[PDB]
Every structure is written in C-alpha cells, then in structure tokens.
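Protein chains: 2
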Amino acid sequence: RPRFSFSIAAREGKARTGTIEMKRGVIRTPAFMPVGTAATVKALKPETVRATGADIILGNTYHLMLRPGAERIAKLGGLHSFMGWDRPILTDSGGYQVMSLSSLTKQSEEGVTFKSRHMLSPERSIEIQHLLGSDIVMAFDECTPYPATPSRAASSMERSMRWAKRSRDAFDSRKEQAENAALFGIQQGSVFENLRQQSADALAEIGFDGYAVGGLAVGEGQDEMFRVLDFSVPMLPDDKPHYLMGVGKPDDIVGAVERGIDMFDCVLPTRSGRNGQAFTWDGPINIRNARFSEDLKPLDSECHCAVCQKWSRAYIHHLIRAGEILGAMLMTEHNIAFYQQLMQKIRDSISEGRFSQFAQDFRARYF
Amino acid sequence: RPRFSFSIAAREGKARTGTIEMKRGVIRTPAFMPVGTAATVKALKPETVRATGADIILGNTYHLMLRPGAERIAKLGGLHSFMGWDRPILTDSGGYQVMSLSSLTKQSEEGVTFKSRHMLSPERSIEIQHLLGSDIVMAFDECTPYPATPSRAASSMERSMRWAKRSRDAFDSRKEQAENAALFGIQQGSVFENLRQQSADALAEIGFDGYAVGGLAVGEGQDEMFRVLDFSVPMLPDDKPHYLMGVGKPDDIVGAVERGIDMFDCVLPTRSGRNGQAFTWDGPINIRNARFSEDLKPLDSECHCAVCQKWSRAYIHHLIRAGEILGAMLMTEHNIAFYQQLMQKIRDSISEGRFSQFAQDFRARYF
Ligand SMILES: COc1ccc(CCc2c3nc[nH]c3cc3c(=O)[nH]c(N)nc23)cc1
Ligand SMILES: COc1ccc(CCc2c3nc[nH]c3cc3c(=O)[nH]c(N)nc23)cc1
Ligand SMILES: [Zn+2]
Ligand SMILES: [Zn+2]
Numbered sequence: 011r012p013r014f015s016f017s018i019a020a021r022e023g024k025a026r027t028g029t030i031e032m033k034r035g036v037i038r039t040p041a042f043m044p045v046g047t048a049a050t051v052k053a054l055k056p057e058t059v060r061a062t063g064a065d066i067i068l069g070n071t072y073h074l075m076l077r078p079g080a081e082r083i084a085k086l087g088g089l090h091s092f093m094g095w096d097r098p099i100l101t102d103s104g105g106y107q108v109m110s111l112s113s114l115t116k117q118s119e120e121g122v123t124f125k126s132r133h134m135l136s137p138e139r140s141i142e143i144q145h146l147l148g149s150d151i152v153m154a155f156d157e158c159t160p161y162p163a164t165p166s167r168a169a170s171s172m173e174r175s176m177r178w179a180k181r182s183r184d185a186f187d188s189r190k191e192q193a194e195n196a197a198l199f200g201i202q203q204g205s206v207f208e209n210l211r212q213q214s215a216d217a218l219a220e221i222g223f224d225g226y227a228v229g230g231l232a233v234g235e236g237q238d239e240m241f242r243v244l245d246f247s248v249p250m251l252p253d254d255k256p257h258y259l260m261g262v263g264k265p266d267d268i269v270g271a272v273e274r275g276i277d278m279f280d281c282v283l284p285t286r287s288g289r290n291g292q293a294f295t296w297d298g299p300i301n302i303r304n305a306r307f308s309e310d311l312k313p314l315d316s317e318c319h320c321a322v323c324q325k326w327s328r329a330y331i332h333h334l335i336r337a338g339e340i341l342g343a344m345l346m347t348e349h350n351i352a353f354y355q356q357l358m359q360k361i362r363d364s365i366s367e368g369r370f371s372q373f374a375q376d377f378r379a380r381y382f
Numbered sequence: 011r012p013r014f015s016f017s018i019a020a021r022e023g024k025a026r027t028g029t030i031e032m033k034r035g036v037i038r039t040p041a042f043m044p045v046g047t048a049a050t051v052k053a054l055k056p057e058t059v060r061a062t063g064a065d066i067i068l069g070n071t072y073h074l075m076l077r078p079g080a081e082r083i084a085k086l087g088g089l090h091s092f093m094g095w096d097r098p099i100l101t102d103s104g105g106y107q108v109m110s111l112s113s114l115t116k117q118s119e120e121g122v123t124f125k126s132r133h134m135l136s137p138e139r140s141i142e143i144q145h146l147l148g149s150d151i152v153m154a155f156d157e158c159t160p161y162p163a164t165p166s167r168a169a170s171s172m173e174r175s176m177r178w179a180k181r182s183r184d185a186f187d188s189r190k191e192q193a194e195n196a197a198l199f200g201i202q203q204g205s206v207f208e209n210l211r212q213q214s215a216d217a218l219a220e221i222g223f224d225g226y227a228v229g230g231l232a233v234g235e236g237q238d239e240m241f242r243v244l245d246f247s248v249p250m251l252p253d254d255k256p257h258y259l260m261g262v263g264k265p266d267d268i269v270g271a272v273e274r275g276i277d278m279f280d281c282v283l284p285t286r287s288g289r290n291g292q293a294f295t296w297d298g299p300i301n302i303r304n305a306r307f308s309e310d311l312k313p314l315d316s317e318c319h320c321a322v323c324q325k326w327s328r329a330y331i332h333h334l335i336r337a338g339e340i341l342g343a344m345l346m347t348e349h350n351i352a353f354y355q356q357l358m359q360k361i362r363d364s365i366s367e368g369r370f371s372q373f374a375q376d377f378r379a380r381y382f
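Order-wise, the sequence lines are chains A and A'. A prime marks a further copy of an entry chain.
Heads up: the first sequence runs through residues 11 to 126, 132 to 382, numbered per the authors' numbering.
Heads up: the second sequence runs through residues 11 to 126, 132 to 382, numbered per the authors' numbering.
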C-alpha cells in the first residue's frame, strides 16, 4: 500500500466514485468522515464507528492541542493508538476553530494567537498534526467570514495561499510525515469566481495530494453554496480528491457529489443524534415528539444498522426524553450508519451509471 | 426450565454458591445484579451488560411507573422486549424510592401517596411489576429509616409484614404472574435481633420464593451492617435465596457472602463509573487524578473486560476530564465487568472450598 493513491473507478456527469489508498487503509469515495472533537467520535466505540461503515474519521486538532495536548498524544504513541482506531485519520488545521469558538484572537501574517495563550501558525499546525500521527493533513488556512467584500476576500485568499506555501514546505521538511502522510490544500475566495480560480491556480501551482473547497458551509444557504461549487470544483485538478469541508446534511451531500465532491465531514450526524434528530429516507425526525411514544417500528424501515434491528422508536423516544446516555449512543450509531448507507448508495449508483436517477428519487422521498 | 428453582451446589461456612433456575434463564449465585433506573443500565447496551457476565439485571419500578409508565410498557410488549434484555429481571417494589427521592408523601395502612400525584400500595406495586413483565417480584414494603427506636422499628416491621401478606395474595391472584414469576419477601426490624426474628418468622409463615434482608445499607456503616447480618441471615429459611438489597461495595459483598447472602444489587458500579471512580483488585482509583494522564496501563492489570484489553488509563483519564460520553461508557463497562469477575471468583472459591482464603487475600490487597 502506497503513501497516497487516488484512482477514479467510474464517473457520471461531474460525479465520481473511486478509492484513495493509504498505508493505513482504503477510503471509498465519495466518502463521509465521522467527526470526533476530543479524541472520540461522541458516544461511539471505534469498532462501532467502523461497523457503521466509515473508512476514515476526522480528528479535532484545535481541541487536541489544548487537551490533552499534541506533545502528550505523541508521547503516548499517537492518536491512532490513543483512541483505538488503526485506520486513516484526517485532521483539520485548527484555524477555523480558533476564529470561532475562541475568546479573543490576534491575527498576523505569521499566524494567529488565541487565549482559549497560544500561537498557531502554518508551521505549528503542521507540526501538531504530525505529532498526532495524522494521515491526511490539512494546510493551515484562514476561513473568510461570510459575507465578504471582493477586496477582503481576495486579501484573505491571498494570505491563505501564502500560508499554503508554508504548510507545503513545513510538511516536506519532516521526512516521516512527507513519507507516510498526505497534504491537502484549501481553496478560498469566498463566493467570487475570479478569486476561486486564482486560489485554485496557486494551490495547483504548489501541488497537493488533495484539494478542499473551503469557505463554504459558513451560512450561505444551499443555493448559494451549490452556485459556488458549480464553477469552483472544475478549477481543481480533476485527478485529485475534492473535499467539501463541513458539509453534511444528506441533501447537501447528494448535491455536492453531483458537482464533483469526493469527501465530506459534518457534525450533524452525531450532534443531531444527541439533540434527538434521527435521519431517515423520509427526512429527519425528532424522536422526542409525542407521536413516537408507542411507535414500535425502528428509526428507519430500511436502515440496516444494529440499532434499527434491535430497538424501537418508542424505546429510543423514552431514553432521549429521560436524558439517558444509551439514548445518545443509539441515536448516534443510527445517524452515522445512515450517512454511510447514503454514501454506499451514492458510490453504487455512480458505478452503475444511475446516480442522477438516485439523486432524484432521494430528494422526492426525503422531502 | 421451571418457574423458580434454587439449588445449592457448595457451601463453606455460612457462604453458599449455586444456581437459580427460571424460565428466562439461569442465575449463578452469589450474584451481582447491575442496576438500570430508566429502563437502561446507564451507558451500556444490553449485550454489553451480558458480555460483562450478568445473568440478571435490576429494574427500577419507581421511575418506570412514572415514565414511560407501567401500562405503557405492557402495551409495548413488556420490559424485556422494550429494553432488549431477554434474561431474568428483578424489580424493586417502589416503596424505598418514594420515601427517598420524592417531594412530599402521605403514609397510611393502605399504602403511600406521593406527588413526585400517585397512590402506591402493595396491590398496585405488584400490578406494576406484573405489567413490566418482571421475573423476580419484590413485595411492597416500608424501609425503616436509620436510626430507629425499638417501638418505631417494630411498628414499621409489623406494617411491612402485613403488606407482605397483601403482596403475597395479590401476586397469587394473577395466574400469569404466579405461574411465570417469583415473589421475594423482605425482612425488616432495623438492627434489633428480636424484631428481625419476628419479621423472619412472619415471612416464612407466609412463604416466599426468596427472602431479602431489607433495612440495611441505610447509613449504618459496615461494622453495624455485618453485626446485623450475623444474626439476621440464619433466621431466613436456609433453602431459599438470600438477597441483601442495595449492598455493592466489593468489600461489603465479600463480607455479606461470608454471612450467607446469595444476591446483590448496587448503583456504585455505574454511578462511580461516571464519577470517575474505577474498581481494581488494588482498590478504587479516581481516573481523573493527574497521576494517570500518561499511564498507558489498563484500568486494572488483571481485568479481562474489553475496555482493559483496548484502552489505557491515560485515554480514559482524558475522556472523563473532557466530559466525553465514551468515557462514561468505558468506565461503566469496566466497573460492571469488575463486579462480575468478583462474583465469579466468589463462586469458584466457594465451590473449591477456598473462599475464606480468598476473602483474606482480597482484603489484604484491596486495602
Ligand atoms: C471538531 O472536528 C472538526 C469539525 C469541523 C471541521 C471543518 C472546519 C471547517 C468548516 N466547517 C464548515 N465550513 C468550514 C470551512 C472550513 C475552512 O474553510 N477551512 C478549515 N480549515 N476548516 C473549515 C474539522 C474538524
Ligand atoms: C433504581 O434501581 C434500584 C435501586 C435500588 C434498589 C434497592 C432499594 C433498597 C435499598 N437500597 C439500599 N438499602 C435499601 C433497603 C431497601 C428495603 O429495605 N426495601 C426495598 N424495597 N428497597 C431497598 C432497587 C432498584
Ligand atoms: Zn438504523
Ligand atoms: Zn477492565
């Protein structure tokens, strides 16, 4: 198995299906990457996450660097050993979280300083991800807040493109890392085509193992996001994986794949699960609603997950309303499993040339 | 398999080891019954509870009658089907909880009325346990608060003994129940020998499938409790199971078995697990303590549970301090498993006539 190898098995319009080979394993694409903030996919044992169908999971660098700390994790043997997941792990750069869930921050061309006191930069981010033993490393960037003027967006995109250069060199400076992990570049430019094209060209110029479409999923609404994806994805090299960061609602995923995205990550599955929202082919449902109190059917009539084979909506309804942890566990397992079944259906329909039809049938019933 | 059959395989001093056969399965004694308050053993899937080694679990009638309600559970098919546990389930009568975690109450010879508005009585308690599909039914009693005067204790014990008569008749009034479940009587009398003997005689007079020693584990301290058990257990018919309610610390269990107890239930395993306390052959340890931050060893060097085979103290230390649900799950699984391994060691040493020695070695290292 190679450090990184992406091969496309089939295509239908802009949609693609294939595999990414890495030392720790094979990732089937389009892929959904379950997220874990504090070295854990909330309420799920790694084996359970895997049984759900995930080939790779997302790691939270921001929280991990604060606790238990990057150096610490490295001393304990690395994230894989620490949380018990021997398959590929992708880690975000940490910039996004800083400008979001942080008290006060200090921006500068060198990087960022945040109290929530820490100084995160392209070089530091890359080193933290290395200490964690990350398989897919995200370049350190700046996520332009939405909305943004052409000037502010260009200015930001320009800094990200410079930070991407530093991420690239920093990554190549570590033999072990450059040799066993992969580096993904992040495209910026807000919702401006000319800027997205410039970001795309600069990134390609530097050269990365994969390209992420950043700056979206920041409150622009599906229409706007899809509009941006329409002209943005094509600008990325076609022979490399396309990763849409933070996008996860089922309908967003289907839409994004129709536009060329190969990878996804989203907190909804887990978060919604604990909030009481379960996903089904008939749309999301809030299990706490009184209508489910005596409903003996499983969360979803078709779901293959263990939860739907064993427990009823009524029981889960009870657990969640009772604040029981098991409730959180079952809802999360089903939700994650649902997302993976969505991905499997996506991959199969594309390999069979019936994806466009699948997308239609999906929406019709889902909505 | 019979409705109820208790046979003793071996004895060593007052300690006994054997089995209780019931339609839903075999219960190895001495036995530890994991507790679940709201139709769930907190943070554990039923299969996980079983993998831990439990032959039977405890059901919370008090919470269940309030939510989702006894009638409701019965309509959904019964507690077994509802929570996914097809093995024996024992349910307490509900009286203990009322006089404890309830706002205001109204006592009377008929039963009790509590707002937390409900009227629970011997007859109602028995019917609720029936609707839940309970395998081992506890008679409805009054748990004399500690400390108590001889008069107040006798007065209370006398009411319990009357309520036990009503529980007995109520239970025998339901063909289905009397035919498929078992009824356990509860001994009272506070810490008074003459009262414990009277309660014991009255209970035996009525006749039950098993006898519980109630009134203890109410803040009397181990010395006092053991003192009471010394003269109380022998008064119970020797050919029936002896159940010490609410007792669970490892040392209490070993001590109680040395005095003739066959069954146990306790919230500590699960509760302590979420609080950060893990049990080991070297005594409890609070995993949150800084000393465990980089400890790669498992919770216990000997524990056979899945948690100790897969994760480190350091990782669990992280999860709990991070408020992660997985932390609660792993700690609980290990704790429950530890208790079951304790019981297995108890049963094996007794079958082999080396229990007294085991008890010594256990304490020496545990403390
Ligand atoms: C806690 O675990 C994680 C949670 C979320 C993420 C993705 C974060 C994220 C975005 N999310 C929405 N839009 C985004 C956009 C971006 C973006 O443009 N750049 C980066 N680096 N990240 C983005 C990574 C890990
Ligand atoms: C939530 O699930 C459960 C939790 C605890 C219990 C046992 C409750 C209990 C006692 N506990 C300590 N001393 C006790 C003493 C008693 C007692 O004397 N009688 C009864 N009926 N119960 C007692 C049953 C179910
Ligand atoms: Zn399901
Ligand atoms: Zn263990």
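In this text, a Cβ means the ideal position worked out from N, Cα and C, and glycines have one as well.
query: On the three-state DSSP scale, how would you describe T115/A?; result: strand
query: Using CA atoms only, rank isn't needed, just tell me which of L74/A, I99/A, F373/A and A163/A is closest to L231/A.; result: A163/A
query: Could you check whether the region 79-87 of chain A' touches the region 304-322 of chain A', counting it as contact only if at least three pairs of C-beta atoms, one from each stretch, sit closer than 8 Å?; result: no
query: In three-state terms, what does DSSP make of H73/A?; result: helix
query: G342/A' and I331/A': beta carbons closer than 8 Å?; result: yes
query: Can you list, in chain order, the residues of its chain with a C-beta nearer than 6 Å to that of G121/A'? Leave out the 5 residues immediately preceding and following it.; result: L135 and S136
query: Rounded to a whole number of angstroms, what is the C-alpha to C-alpha distance between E220/A and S103/A?; result: 21 Å
query: Any idea if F353/A' is buried or exposed, counting beta-carbon neighbours within 10 angstroms, 16 or more meaning buried?; result: buried
query: Taking its Cβ as the centre, do 16 or more other Cβ atoms sit within 10 Å of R362/A, making it buried, or is it exposed?; result: buried
query: Just how far apart, CA to CA, sit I335/A and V45/A?; result: 21 Å
query: Count the C-beta pairs between the region 234-251 of chain A' and the region 356-374 of chain A' that are closer than 8 Å, then say yes if the count reaches three, no if not.; result: no
query: From the DSSP output, which residues share a beta bridge with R38/A'?; result: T29/A'
query: In terms of residue numbering, what span does the beta strand (DSSP E) encompassing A305/A cover?; result: Looking at the DSSP string, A305/A is not in any beta strand (DSSP E), and its letter there is neither H nor E.
query: Spatial neighbours of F124/A within its chain, please: CB distance less than 8 Å, with the 5 preceding and 5 following residues excluded, ordered by chain position.; result: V108, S112, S113, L114, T115, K116 and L135
query: What do you reckon, are the CB atoms on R13/A' and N195/A' nearer than 8 Å?; result: yes
query: By a C-beta neighbour count over all protein chains shown, 10 Å radius and 16 as the cutoff for buried, is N70/A' buried or exposed?; result: buried
query: Write down the C-beta distance between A154/A' and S118/A' rounded to the nearest angstrom, noting that I regard them as a contact closer than 8 Å.; result: Incorrect: roughly 18 Å between the Cβ atoms, too far for contact.
query: How is the alpha helix (DSSP H) around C323/A' delimited, first residue to last?; result: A321 to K325
query: Examine chain A' for any beta-carbon lying closer than 8 Å to the beta-carbon of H333/A, and answer yes or no.; result: yes
query: Where does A19/A fall in DSSP's three states?; result: strand
query: For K312/A', which option in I340/A, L147/A and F92/A has the closest C-alpha, if you only look at C-alpha atoms?; result: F92/A
query: Counting along the chain, where does the alpha helix (DSSP H) carrying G236/A' start and finish?; result: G236 to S247
query: Taking CB distances under 8 Å as the criterion, tell me whether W95/A' reaches chain A.; result: no
query: By the 8 Å beta-carbon criterion, what residues does the region 296-310 of chain A' contribute toward chain A?; result: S308 and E309
query: What three-state label does DSSP hand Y381/A in the structure shown?; result: helix
query: Using the beta-carbon count (16 or more within 10 Å), is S371/A' buried or exposed?; result: exposed
query: Go ahead and pull the three-state DSSP assignment for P252/A.; result: coil
query: Determine, using beta carbons only, whether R181/A comes closer than 8 Å to chain A'.; result: no
query: Please state the DSSP three-state secondary structure of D65/A'.; result: coil
query: Can you pull the chain A residues whose beta carbon is under 8 Å from the beta carbon of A64/A', in chain order?; result: What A64/A' touches in chain A: nothing, since even the nearest Cβ is about 16 Å away.
query: Can you confirm whether the region 138-152 of chain A touches the region 63-77 of chain A when touching is taken to mean that 3 or more C-beta pairs between the two stretches lie within less than 8 Å?; result: yes
query: Using the Cα positions of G35/A' and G275/A, report the straight-line distance between them to the nearest angstrom.; result: 56 Å
query: Between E317/A' and chain A, is the shortest Cβ-Cβ distance under 8 Å, so that the two count as touching?; result: no
query: Does any C-beta atom of chain A' lie closer than 8 Å to the C-beta of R60/A?; result: no
query: Relative to the C-alpha of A169/A', which residue among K180/A', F186/A' and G204/A' is closest?; result: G204/A'
query: Report back the beta-carbon spacing between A193/A and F186/A to the nearest angstrom; my notes put them in contact at under 8 Å.; result: 6 Å
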